[PDB]
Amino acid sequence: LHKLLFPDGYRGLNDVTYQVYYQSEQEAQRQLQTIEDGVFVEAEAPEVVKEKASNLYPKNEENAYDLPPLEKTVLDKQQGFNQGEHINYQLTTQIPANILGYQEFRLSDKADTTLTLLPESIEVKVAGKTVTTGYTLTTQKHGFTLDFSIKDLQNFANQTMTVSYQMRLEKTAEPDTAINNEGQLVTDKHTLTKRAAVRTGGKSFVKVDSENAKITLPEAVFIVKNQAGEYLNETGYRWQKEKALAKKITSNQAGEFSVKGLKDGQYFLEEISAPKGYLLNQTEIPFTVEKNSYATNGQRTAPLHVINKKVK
């Protein structure tokens, strides 16, 4: 018996149980494992079998099954991300009950060049359980491919597979721009692409005299704080306790300066060095990073004036 399964309307079929069971009264006939796979009454059959073969190369009809889906998801993405932050990504799919009928099943991701893949971060889970076998992993700088062994995928039949991985936003990440990746799923039966997007923020500033803003002031030096009273250090970025290790931003010849690569939030400048002839205010000077606080489609948002009082 060469058990054979055909999609509703071929391949071998294991896990089928076959049982084998003159009256003078064709019209009597009709009145009466891998060794490779699927080698007379069909008594029990895999869930995939809609219609069993008629009692007698037996011929089995498969249930209808939808193609497996693809979701691509970024965690905690509402406020954007700092340059250097480890952004958490998920590819989710459903290993179909008839996965043995597929020839290929490949998960892959491809990000803009300002998202750097962390290759050690990639972890396949099925039903919450880590899986480290039945795939070959190939990583590039901005992407990876997991090609799955069809045979091994059967133990995850009709269960959810998620691929967690991290990408880091590079310092080349421009604020106020769609920063994309395309997840993909490629089988012999179909292709699914799913895009996701992330963003970082920024704020431009100009240092000016407090009476006349047409007077721009070079050589003013600031550091940045969050609402916790932590200071920004370059390491991309990191918030930490030590003021001494704070990144220092300086007003250029036009008085202009900026912070690029922060998530949405409320921050503060703290002046640590006043332009010559001006007072050092140490009061925290508030500013907000939000969507379009830096630019809109490459058009730079006007700078926030930071005022300096001229000395008596």
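A residue's number is simply how far along the shown sequence it sits, counting from 1.
| field | Size class of the missing deposited segment between residue 280 and residue 281 | value | The entry has no unmodelled residues between residue 280 and residue 281.
| field | Unmodelled stretch of the deposited sequence separating residue 35 from residue 36, binned as none, 1 to 3, 4 to 9 or 10 or more | value | Unmodelled stretch: 1 to 3 residues, a short break.
| Average Cα temperature factor in the PDB entry - higher stretch of 182-190, 164-172 | Mean C-alpha B-factor is greater for 182-190.
| Entry-level comparison of average CA B-factors, 297-305 and 10-18, reporting the higher stretch | Here the higher of the two C-alpha B-factor means belongs to 10-18.
| Taking the values straight from the PDB record, which of 272, 45, 269, 262 has the highest C-alpha temperature factor? | Highest C-alpha B-factor among the listed residues goes to 45.
| message | Highest recorded C-alpha temperature factor, please, choosing from 41, 249, 254, 285. | response | Answer for 41, 249, 254, 285: 41, with the highest C-alpha B-factor.
| Against its chain's modelled residues, does residue 219's Cα B factor rank lowest, middle or highest third? | Middle third by C-alpha B-factor.
| Chain thirds of CA B-factor: placement of residue 103 | Tercile = highest for this residue's CA B-factor.
| task | Would you check the entry's CA temperature factor for residue 235 and let me know if it's in the chain's lowest, middle or highest third? | result | CA B-factor rank for residue 235: highest third.
| task | Comparing against every modelled residue in the chain, figure out the third that the C-alpha B-factor of residue 123 lands in (lowest, middle or highest). | result | Tercile = lowest for this residue's CA B-factor.
| Third assignment of residue 241 from its chain's C-alpha B-factors | CA B-factor rank for residue 241: highest third.
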